[PDB]
Protein chains: 2
Amino acid sequence: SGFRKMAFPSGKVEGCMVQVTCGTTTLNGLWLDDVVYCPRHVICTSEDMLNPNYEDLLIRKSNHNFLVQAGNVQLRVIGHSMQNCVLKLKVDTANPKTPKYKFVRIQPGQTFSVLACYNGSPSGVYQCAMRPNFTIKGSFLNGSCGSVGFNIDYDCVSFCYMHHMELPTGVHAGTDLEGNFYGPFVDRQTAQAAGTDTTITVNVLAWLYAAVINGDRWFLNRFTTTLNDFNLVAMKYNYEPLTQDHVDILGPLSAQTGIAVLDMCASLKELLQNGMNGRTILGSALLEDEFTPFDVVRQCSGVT
Amino acid sequence: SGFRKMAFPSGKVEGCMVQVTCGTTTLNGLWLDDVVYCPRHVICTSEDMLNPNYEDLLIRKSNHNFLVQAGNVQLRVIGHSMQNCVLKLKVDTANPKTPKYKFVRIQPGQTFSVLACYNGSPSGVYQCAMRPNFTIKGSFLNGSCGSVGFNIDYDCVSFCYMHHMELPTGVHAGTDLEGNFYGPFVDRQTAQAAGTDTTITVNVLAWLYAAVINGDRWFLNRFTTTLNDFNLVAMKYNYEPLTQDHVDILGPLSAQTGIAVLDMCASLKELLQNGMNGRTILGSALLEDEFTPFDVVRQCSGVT
Ligand SMILES: Cc1ccncc1NC(=O)CCc1cccc(F)c1
Ligand SMILES: Cc1ccncc1NC(=O)CCc1cccc(F)c1
C-alpha cells in the first residue's frame, strides 16, 4: 500500500551520460553504442541564440571541436552530423554500459522519467507527463540540456525525450531522440506560444482507481454518468474529452476494483463541480494527472 | 526553473540489490563489500509473524539455508548473524559494484530516496521524508522488504533506511542499516501505535523559498511575525515548533531571496490561517513538507 510519484530506476541511463563541449558551451550527451546524441544548440554562442543558422554554425566545426568526456574517459570523435535538432557524434568506442534500448516518440498524456544532468553528471530523477500541449513541467537549470526522458520495459530503455529549452513561461520543451521537437517549438531564444493545455482525464481516472485501491474512497458516490454528460463537464473544466479508447485502457482497473468506468467518471464529475472541500486524495489536494493507467497497474502490482 | 520531488539517481544502489530467500520467504538484500544485509523476518513463516522468537528461528538456520542471488549470480554464504532487526550474511565475494558508502541514522524531518525492489529487482525510485513520528509514507507491497532509503553526497551513498513493515494503517516502518527501528516499532504482526505526527515546518518554509525562486509569489505578504507568535500558530495547526536552529539552516535561502525568515513565517502563518483559496504553489494545493532546506538549495543550484 501507499502510492507515490515513482520514477524508473535510473542506473541504465546514468551509464549513458556524457558531457559534450563545443567552444564555450557545455551540455549533456547520451552515449549509446558508438554514437553520442546531444542538442544541436551546443554549437551556439550568445549572439547566435536569437535565430541561429545551424547549418552554417556546424560547417565551422570539425570532429576535434566536439569534446566528449564520460567522466574520466575522453571519447575520440570520428564523425558528426545533424539530424533535425540533434547532433550525432560518432565515436571510436561503443559504450560498454549501453543498455538494450529503443528510440520512441511518446504521445501527449504519456509519462516518463527524467534524469536531470549537469556537465554529464546525474543530479536527480523524477517522473512527469508530456502535457497535451507537448510541454513538460520539469526541473531544469542552465546546463541541463541533453538530459533525457525514458521508460523501461524489463531490460529495455525506451528513450523518448531530450531536453532542449526553457520557454519564457518556465515550462520545458525538447525533442524525441531523432531531434524532432514535441510541439510547435523551435530551438531559438524567441518567445513561443505553447498551445492551450488540458488536464489528462484518463490519468486522473487511473489515479482515482489507485486511490480506491489504497483506501482513499471518500469521493466515491451513488451516481453514474455517460460519456456525453461527462464530456460536457470535461469541456467546462478544461479536461481532455474521454473516449471509448480511454475507457478500454481503464478496463483492468475497473475489473480489479469492481467500479465501472462511468461510475468513476461520476465521482470525477462531482469532484470537478464541487472541489475537494478541504480533503486530500493520496496526499494531494488537487486532481493528479501524471499517472497513466499503466503506471497505476505497474505500481499496484510490483512490476520490476 | 521548475521544482520537482526529485530522487537521487539510483544506479549506485541498483548495483547492490540482491534477492534473499530463506525457506518460503523471499525479500531484498543489500550487498556491500562481502556482506548482504536484509530484514531478519526473512526467517519467519506464517504462524511465526505474531510474535516471532527470532533467536530460536535463526538457530534452526545454517549458512546454506540463505539463498542469495544477484540476478544471474548465486552468492556463497559463509557466515550469518543477527544485529538488532537485520541479518548480515557474509558472502565469499565482495560486490564489484559496491559504491563508496556509509551507514547513517537520519533524523525525523530529513528526506531520502527509496529504491523500491521486488525479488532483488529495482521497480522504481521516489523521494520521501522520515515523518516526525518516525514512519514513512512510501509505496511498498509484499516482497518490498529489504528495499533501502539513501542519500548521495558526490560519490558516497549514505544508506539510512531498510524497509521492514507496513503498519495496519498503511504507513511504513523500518530500520537503520544496523537494524534499529526508527520509532517505537517492532517486527511483529501486531497493531502498533505510531506517535502523533506533525508537519515539518522548516521544510514547508524551505519549499516556500523554492516557490519564490521559481516565480510562485502570490502568498508573500506585507506582514512579519516572531518565533513566539509563529509557534502559537504552529501549535494550533500541528506544525513542529520553529527554533533558531531551523532559522539558521534557512539562512542561505533567506540570503538568496532577500526574504527574512520571519517574513516567510508570516506568509506561512497567513496560509495556515486562511488556506490557499483555491490557488497552487509549485503545482501543489497543500503545504509541502518533503523538501529540506538542503534539498531546495541542491535543486535550485544543480548539484551532481
Ligand atoms: C537556461 C535553461 C534552463 C532550463 N532549461 C534549458 C535552458 N536553456 C535553454 O533554454 C537554451 C535555449 C537555446 C536555444 C537556442 C540556441 C541556444 F544556444 C540556446
Ligand atoms: C505486506 C507488506 C506490504 C508493504 N510493506 C511491507 C509488508 N510486509 C510486512 O509488513 C511484513 C511484516 C512482518 C513482521 C514480522 C514478521 C514477519 F514475517 C513479517
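Look a little higher up for the structure.
Residues numbered from 1 in each chain as written, not as in the entry; some residues may be left out. Chains lettered and ligands numbered in written order. Heavy atoms only, no water.

### Structural notes on the site of ligand 2
Residues and elements named next belong to chain B.
Thought 1: Near ligand 2 there are 15 residues, and of these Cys 44, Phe 140, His 163, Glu 166 and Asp 187 occur at the shortest range.
Thought 2: In this structure, a nitrogen atom belonging to ligand 2 sits 2.8 Å away from a side-chain N or O atom of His 163.
Thought 3: At 3.0 Å from an oxygen atom of ligand 2 is found a main-chain nitrogen or oxygen belonging to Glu 166.
Thought 4: If ligand 2 stood free it would expose 460 Å²; the protein chains cover 87% of that surface.
Thought 5: Top contributing element to the shell around ligand 2 by residue count: strand 12 (residues 156-166), with 4 residues.
Thought 6: A class-by-class count of the residues in the shell around ligand 2 yields 7 nonpolar, 5 polar and 3 charged.
Thought 7: Looking at which domains feed residues into the shell around ligand 2, each of domain 1 (1-14 + 100-197) and domain 2 (15-99) gives three or more. (Near = heavy atom within 4 Å. Polar contact = N/O pair within 3.5 Å; in protein donor to acceptor, adjacent residues only side chain to side chain. Areas by Shrake-Rupley, 256 points an atom, 1.4 Å probe, with all protein chains shown as cover. Helix = DSSP H or I, 4+ residues; strand = E, 2+ residues; numbered from the N terminus. Nonpolar A, V, L, I, M, F, W, Y, C, P; charged D, E, K, R; others polar. Domains from an automatic or database assignment.)

### Considering the interface of chain B and chain A
Thought 1: Counting from both sides, the interface comprises 43 residues of chain B and, opposite them, 43 residues of chain A.
Thought 2: Between chain B and chain A, the buried area comes to about 3000 Å², and carbon and sulfur atoms account for 52% of it.
Thought 3: Counting across the chain B and chain A interface gives 27 residue pairs in polar contact.
Thought 4: Where the side of chain B that touches chain A is concerned, the elements lending two or more residues are helix 1 (11-14), strand 9 (111-118), strand 10 (121-129) and helix 8 (293-301) of chain B.
Thought 5: Looking at the side of chain B that touches chain A, the element that brings in the most residues is strand 10 of chain B, giving 8 residues.
Thought 6: Residues belonging to the side of chain B that touches chain A are distributed by class as follows: 17 nonpolar, 19 polar and 7 charged. (Contact = heavy atoms within 4.5 Å. Buried area = accessible area lost by both parts, 1.4 Å probe.)

### Some thoughts on the environment of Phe219(B)
All names here are of chain B.
Thought 1: Note that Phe 219 resides in the loop between helix 3 (201-213) and helix 4 (227-236).
Thought 2: Taking relative accessible area as the criterion, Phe 219 reaches 5% and is therefore assigned buried.
Thought 3: Along the chain, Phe 219 and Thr 98 lie 121 residues apart, while their C-alpha atoms are 46 Å from each other.
Thought 4: Not counting the four nearest positions on each side in its chain, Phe 219 is found in contact with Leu 208, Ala 211, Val 212, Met 264, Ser 267, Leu 271 and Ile 281. (Buried < 20%, exposed > 50% of the residue type's maximum accessible area, 1.4 Å probe, protein only.)

### Considerations on the site of ligand 1
Residues and elements named next belong to chain A.
Thought 1: In the neighbourhood of ligand 1, 15 residues make up the surrounding shell, with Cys 44, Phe 140, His 163, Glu 166 and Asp 187 lying closest.
Thought 2: Take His 163: an N or O atom from its side chain is 2.8 Å from a nitrogen atom of ligand 1.
Thought 3: Between ligand 1 and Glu 166, the relevant distance is 3.0 Å, taken from an oxygen atom to a main-chain nitrogen or oxygen of the residue.
Thought 4: In isolation ligand 1 exposes 460 Å². Once the protein is present, 87% of that is buried.
Thought 5: Of all the elements, strand 12 (residues 156-166) adds the most residues to the shell around ligand 1, at 4 residues.
Thought 6: Its residues placed into classes, the shell around ligand 1 shows 7 nonpolar, 5 polar and 3 charged.
Thought 7: Residues lining the shell around ligand 1 come from more than one domain, with at least three contributed by each of domain 1 (1-14 + 100-197) and domain 2 (15-99).

### Things to note about the environment of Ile136(A)
Residue and element names in this part refer to chain A.
Thought 1: In this structure, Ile 136 sits in the loop between strand 10 (121-129) and strand 11 (148-153).
Thought 2: Residue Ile 136 is classed as buried on the basis of its relative accessible area, which comes to 0%.
Thought 3: Expressed as a C-alpha distance, the spacing of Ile 136 and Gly 174, which sit 38 residues apart in the sequence, is 8.5 Å.

### Re helix 7 (residues 261-274) of chain B
Residues and elements named next belong to chain B.
Thought 1: In this model helix 7 runs 20 Å from its N-terminal to its C-terminal C-alpha over 14 residues, within 8% of the 20 Å that 1.5 Å per residue would give.
Thought 2: Burial in helix 7 covers these residues: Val 261, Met 264, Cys 265, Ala 266, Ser 267, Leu 268, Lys 269, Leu 271 and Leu 272.
Thought 3: Contacts made by the buried residues of helix 7 are with helix 3, helix 4, helix 5 (244-249) and helix 6 (251-257).
Thought 4: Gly 275, located one to two residues past helix 7, shows a positive phi value of around 75 degrees. (Expected span 1.5 Å × (residues − 1).)

### Regarding helix 3 (residues 201-213) of chain A
Three or four residues apart is the spacing at which side chains of an α-helix point the same way, because the helix has 3.6 residues per turn.
Residues and elements named next belong to chain A.
Thought 1: Its 13 residues give helix 3 an end-to-end C-alpha distance of 19 Å, which sits within 8% of 18 Å, the value for a rise of 1.5 Å per residue.
Thought 2: Summarising the contacts, the buried residues of helix 3 are in contact with strand 9 (111-118), helix 4 (227-236), helix 5 (244-249), helix 6 (251-257), helix 7 (261-274) and helix 8 (293-301).
Thought 3: With its phi angle positive at about 100 degrees, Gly 215 sits one or two positions after the end of helix 3.

### A look at the pattern of salt bridges
Side chains that differ in sign of charge can pair as their charged atoms come close.
Thought 1: Tallied over the entire structure, the rule returns 22 salt bridges over all chains.
Thought 2: The partner of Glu290(A) in a salt bridge is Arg4(B), with the nearest N and O atoms 2.7 Å apart. One end of the pair, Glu290(A), is in the loop between helix 7 and helix 8; the other, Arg4(B), is in the segment before helix 1, on a second chain.
Thought 3: Residue classification places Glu290(A) among the buried positions, given a relative accessible area of 8%. (Salt bridge = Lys/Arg side-chain N within 4 Å of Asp/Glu carboxyl O.)

### Here's the deal with the nonpolar core
Thought 1: Counting residues in hydrophobic clusters, the biggest one holds 40 residues, and the most contacted among them are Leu30(A), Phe159(A), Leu30(B) and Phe159(B).
Thought 2: Setting aside anything within four residues of it in sequence, one finds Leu30(A) in contact with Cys16(A), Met17(A), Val18(A), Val35(A), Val36(A), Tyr37(A), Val148(A), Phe159(A), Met162(A) and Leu177(A). (Core = buried A, V, L, I, M, F, W, Y, C linked by side-chain atoms within 4.5 Å.)

### Re the relation of the copies chain B and chain A
Thought 1: Overlaying chain B on chain A yields an RMSD of 0.0 Å, the required transformation being a rotation through 180 degrees with an accompanying axial translation of 0.0 Å. Look at the turn and shift together and you get a two-fold axis relating the two. Looking at the rotation axis and the C-alpha trace of chain B, the residue lying nearest is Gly11(B), at 1.8 Å.
Thought 2: A share of 100% of the interface residues of chain B reappears at the interface of chain A, consistent with the copies meeting face to face through the same patch. (Least-squares fit on C-alpha atoms.)

### Regarding the sheet that holds strand 4 (residues 66-70) of chain A
Residues and elements named next belong to chain A.
Thought 1: Reading across the sheet, the 7 strands line up as 5-4-1-2-3-7-6 and stay open at both edges, with antiparallel pairing between neighbours. Bordering the open sheet on either side are strand 5 (73-75) and strand 6 (77-83), each of which pairs with just one other strand. Pairwise comparison of adjacent strand axes, ignoring direction, gives a mean angle of 30 degrees for this sheet.
Thought 2: Note: strand 2 (residues 25-32) against strand 3 (residues 35-39), 3 bridges, orientation antiparallel. Bridge pairing links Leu 30 to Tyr 37 in strand 3. (Pairing = 2+ DSSP bridges. Axes fitted to C-alpha atoms, helices over the stretch in contact; angles between N-to-C directions.)

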